[PDB]
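Take a look at this single chain, the form deposited in one PDB entry, given in structure tokens.
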């Protein structure tokens, strides 16, 4: 049997606060038809504004990944998108009551839980994958983001903070999803910030919802969160989580390998844009027989 498209089985609702806006927001996930993709909609507005979660709709990428359509935005999509990608959700409406996805606990754990509580529905259409055929790379200064051909899905990341909390950590991790669970090993990795960068945002009337309840706060010498880390390598795992989410703006699951080096949302989106434009570097494929596939998905 083919690998089929997936949507949600039921509607589910969550509440939280926008990391940047500090505004309380209601999120509603709904099933969608085949070939819809993930579509955001601002149900607080009249008319209601829909923004497909695609690379073409990305605006600002300086702090988080924002979607735009004229003067309407949806901020901070990446951790929700990471959860959709990690569970292989093809088709969904994401309704928001305000301009930002709720931060929840700073990770993708609450979203992965919410989605699986709703349950998944296989649909009668072949799931489309984007397969990397040729290496594609973007760089700026010492930052690099790369796609390499690979029969599977694997994401590697390296960070380099010249900082007391990070010295003598390897600062590198690789996850290969043939053997390793997005839920168990990536989903819980919380966002993080250094104190001087946080203070800068607050001075600009940003990061207004942020706190030790939804982020790892690192002062000049120490993590401030009294209860410690979820993973020895939570920082680099969060970078992988963000990459997975940013990558999902392609609109289809990837067959290939991503490697990031001190990269973030801006270079992640540049990599997508360069990939898309280089049509020799990728193809859309389906699997009529799941046994020939380099990726598999958990039961719905």
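For the two forms, the rigid core is made up of the largest set of C-alpha atoms that agree within 1.5 Å on superposition. Residue numbers count along the first chain shown, from 1.
Averaged over CA atoms, B-factors in the entry run higher in 61 to 69 than in the other of 61 to 69 and 263 to 271. When the mean C-alpha temperature factors of 156 to 164 and 98 to 106 are read from the deposited coordinates, 156 to 164 comes out higher. For the set 243, 249, 236, 49, the PDB entry puts the maximum C-alpha B factor at 49. Take 197, 142, 75, 185 and read off each C-alpha B-factor from the entry; 142 has the highest.
Looking at the C-alpha B-factors along this chain, the one for residue 232 belongs to the middle third. In the PDB entry, a CA B factor belonging to the lowest third of its chain's modelled residues is recorded for residue 202. Ranked by C-alpha B-factor against the other modelled residues of its chain, residue 91 falls in the middle third. Annotation for residue 170: CA B-factor lies in the highest third of the chain's modelled residues. Sort the chain's modelled residues by C-alpha temperature factor and residue 211 lands in the middle third, per the entry.
One more form of this protein, deposited in another entry, exists but is not displayed; see below.
194 is the only residue from 113, 194, 150, 93 whose Cα shifts by 2 Å or more between this form and the one not shown, the rigid core being superposed. Positional change of residue 204 between this form and the one not shown reaches 2 Å or more at the C-alpha, relative to the superposed core. Relative to the superposed core, residue 169 shifts its CA atom by 2 Å or more between this form and the one not shown.
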